[PDB]
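As provided, start-v7.txt (compact mmCIF, C-alpha atoms) reads as follows.
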# COMPACT_ATOMS: atom_id res chain seq x y z
CA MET H 1 182.61 80.85 62.65
CA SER H 2 180.45 78.76 60.35
CA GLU H 3 181.28 75.08 60.12
CA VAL H 4 178.78 72.38 59.21
CA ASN H 5 180.02 68.92 58.29
CA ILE H 6 178.03 65.72 58.61
CA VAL H 7 178.99 62.21 57.56
CA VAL H 8 176.76 59.16 57.77
CA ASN H 9 177.94 55.66 56.93
CA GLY H 10 175.22 53.06 56.49
CA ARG H 11 172.66 55.07 58.42
CA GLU H 12 174.79 54.72 61.53
CA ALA H 13 173.83 56.16 64.89
CA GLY H 14 175.62 57.22 68.05
CA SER H 15 174.64 60.86 68.37
CA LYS H 16 171.72 62.50 70.12
CA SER H 17 170.12 62.80 66.71
CA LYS H 18 167.78 60.09 67.93
CA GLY H 19 165.65 62.60 69.79
CA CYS H 20 165.10 66.07 68.38
CA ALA H 21 167.40 68.90 67.38
CA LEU H 22 166.12 71.07 70.20
CA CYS H 23 166.37 68.39 72.87
CA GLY H 24 166.65 64.62 72.95
CA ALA H 25 164.18 63.23 75.47
CA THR H 26 163.33 60.22 73.33
CA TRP H 27 165.20 57.73 71.18
CA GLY H 28 164.61 55.93 67.90
CA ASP H 29 166.52 55.54 64.66
CA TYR H 30 163.55 54.01 62.87
CA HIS H 31 163.06 57.42 61.30
CA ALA H 32 165.45 59.44 59.17
CA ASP H 33 167.71 62.27 60.29
CA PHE H 34 169.14 65.23 58.42
CA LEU H 35 172.57 66.82 58.62
CA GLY H 36 171.02 68.54 61.61
CA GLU H 37 171.55 65.32 63.52
CA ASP H 38 167.93 65.41 64.62
CA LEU H 39 164.87 63.21 64.28
CA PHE H 40 161.45 64.64 63.52
CA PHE H 41 159.73 61.33 64.16
CA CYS H 42 159.31 62.09 67.85
CA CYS H 43 157.91 65.60 67.81
CA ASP H 44 158.56 66.95 64.34
CA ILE H 45 157.29 70.24 65.73
CA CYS H 46 160.29 72.03 67.19
CA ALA H 47 162.55 69.55 65.44
CA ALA H 48 163.42 69.32 61.76
CA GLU H 49 164.27 72.97 61.23
CA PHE H 50 164.87 74.42 57.78
CA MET H 51 167.61 76.64 59.16
CA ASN H 52 169.89 74.23 57.35
CA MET H 53 170.35 73.72 53.63
CA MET H 54 167.86 71.88 51.44
CA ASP H 55 170.57 69.30 50.85
CA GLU H 56 169.66 68.16 54.34
CA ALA H 57 166.57 66.61 52.81
CA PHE H 58 168.52 65.00 49.99
CA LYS H 59 170.90 63.57 52.57
CA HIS H 60 168.11 61.38 53.89
CA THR H 61 167.34 60.18 50.39
CA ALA H 62 171.06 59.92 49.74
CA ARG H 63 171.68 57.76 52.78
CA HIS H 64 168.37 56.09 51.99
CA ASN H 65 169.78 53.72 49.40
CA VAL H 66 173.36 54.70 48.68
CA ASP H 67 175.73 56.91 50.63
CA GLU H 68 176.45 60.61 50.23
CA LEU H 69 178.56 63.08 52.18
CA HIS H 70 178.66 66.84 51.75
CA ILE H 71 180.12 69.63 53.84
CA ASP H 72 179.61 73.35 53.37
CA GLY H 73 180.32 76.35 55.57
CA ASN H 74 179.23 79.94 55.11
CA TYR H 75 179.20 82.92 57.45
CA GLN H 76 175.75 83.60 56.04
CA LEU H 77 174.44 80.16 56.89
CA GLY H 78 173.34 81.29 60.33
CA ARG H 79 176.23 80.68 62.69
CA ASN H 80 175.29 77.02 62.95
CA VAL H 81 177.97 74.53 63.90
CA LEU H 82 176.97 70.88 63.79
CA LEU H 83 179.56 68.16 64.28
CA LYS H 84 178.33 64.64 63.67
CA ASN H 85 180.75 61.73 63.53
CA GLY H 86 179.33 58.39 62.43
CA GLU H 87 181.53 55.31 62.45
CA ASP H 88 180.18 52.05 61.08
CA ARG H 89 181.76 49.04 59.41
CA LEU H 90 180.97 45.44 58.53
CA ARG H 91 182.38 42.44 56.71
CA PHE H 92 180.62 43.88 53.69
CA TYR H 93 183.29 46.56 53.68
CA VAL H 94 186.82 45.85 52.50
CA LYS H 95 188.22 49.32 53.07
CA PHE H 96 187.28 49.02 56.73
CA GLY H 97 187.64 52.68 57.62
CA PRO H 98 187.91 54.13 61.13
CA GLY H 99 184.93 56.29 60.24
CA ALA H 100 186.32 59.64 61.35
CA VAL H 101 185.74 63.25 60.40
CA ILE H 102 188.48 62.60 57.87
CA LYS H 103 185.79 60.75 55.96
CA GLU H 104 183.85 63.99 55.62
CA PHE H 105 186.89 65.60 54.03
CA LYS H 106 186.95 62.74 51.55
CA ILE H 107 184.39 64.93 49.82
CA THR H 108 187.53 66.36 48.25
CA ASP H 109 190.52 64.90 50.06
Spit out the file's structure as structure tokens when you get a sec.
Amino acid sequence: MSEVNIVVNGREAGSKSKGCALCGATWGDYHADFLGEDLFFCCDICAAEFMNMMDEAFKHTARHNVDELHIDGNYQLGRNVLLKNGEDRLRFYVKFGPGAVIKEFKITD
């Protein structure tokens, strides 16, 4: 069972990605976070694992200026299941979405 889907809208928070991937003892969104819903600005030692896909890095850059969402699942990945749901909206938006997993699907849906 390999399922990895992450969706970030306007560098939104709400998950335990604030801390580290291993454990979240601290908080802070000042730094960036990969699809691994983890921040390597606290420890960056046990956190920020490469077990994920390189895209993870791009994600940061993607959600750095614009917005990008990608979901891929493979039984060879490493049996890693990460579910991150980010919901954010503002007057700037006209589509005003509920910001749900459905968004992730948008990748194709």
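Of note, atom CA of residue 4 of chain H and atom CA of residue 90 of chain H are spaced 27.0 Å apart.
Taking atom CA of residue 77 of chain H as the reference point, atom CA of residue 27 of chain H is found at 28.2 Å.
Ranking H:22, H:1, H:100, H:46 by their shortest atom-to-atom distance to residue 84 of chain H, with all atoms listed in the file included, puts H:100 first.
The closest residue to residue 10 of chain H, picked from H:73, H:99, H:36, H:24 and counting only C-alpha atoms, is H:99.
Proximity to residue 98 of chain H was assessed for H:2, H:14, H:74, H:9 counting only C-alpha atoms; the smallest distance is recorded for H:9.
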Each residue of segment 3-70 of chain H with at least one atom at most 9 Å from segment 103-109 of chain H should appear once, together with its nearest atom pair and the corresponding distance in Å (one decimal); atoms considered: all atoms listed in the file; ordering: chain, then increasing residue number; output as a Markdown table.
| residue | atom | partner | partner_atom | distance |
| --- | --- | --- | --- | --- |
| H:5 | CA | H:104 | CA | 6.8 |
| H:6 | CA | H:104 | CA | 6.8 |
| H:7 | CA | H:104 | CA | 5.5 |
| H:8 | CA | H:104 | CA | 8.8 |
| H:69 | CA | H:104 | CA | 6.4 |
| H:70 | CA | H:107 | CA | 6.3 |
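Using all atoms listed in the file, the smallest distance between any of H:38, H:96, H:102, H:71 and residue 3 of chain H comes from H:71.
Here atom CA of residue 25 of chain H is placed at a distance of 12.0 Å from atom CA of residue 47 of chain H.
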**Q.** Residues near residue 33 of chain H, cut-off 10 Å, all atoms listed in the file, skip fewer than 5 positions along chain, as a PyMOL selection string
**A.** chain H and resi 8+11+13+17-21+38-41+48+56-57+59-60+63
Please produce a file of those selected residues containing C-alpha atoms, as a compact mmCIF listing (two decimals), in the coordinates of the input.
# COMPACT_ATOMS: atom_id res chain seq x y z
CA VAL H 8 176.76 59.16 57.77
CA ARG H 11 172.66 55.07 58.42
CA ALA H 13 173.83 56.16 64.89
CA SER H 17 170.12 62.80 66.71
CA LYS H 18 167.78 60.09 67.93
CA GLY H 19 165.65 62.60 69.79
CA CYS H 20 165.10 66.07 68.38
CA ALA H 21 167.40 68.90 67.38
CA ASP H 38 167.93 65.41 64.62
CA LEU H 39 164.87 63.21 64.28
CA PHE H 40 161.45 64.64 63.52
CA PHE H 41 159.73 61.33 64.16
CA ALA H 48 163.42 69.32 61.76
CA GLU H 56 169.66 68.16 54.34
CA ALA H 57 166.57 66.61 52.81
CA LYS H 59 170.90 63.57 52.57
CA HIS H 60 168.11 61.38 53.89
CA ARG H 63 171.68 57.76 52.78
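Taking all atoms listed in the file into account, residue 82 of chain H lies nearest to H:16 out of the set H:95, H:16, H:64, H:31.
The smallest atom-to-atom distance between residue 68 of chain H and any of H:37, H:29, H:49, H:55, using all atoms listed in the file, is found for H:55.
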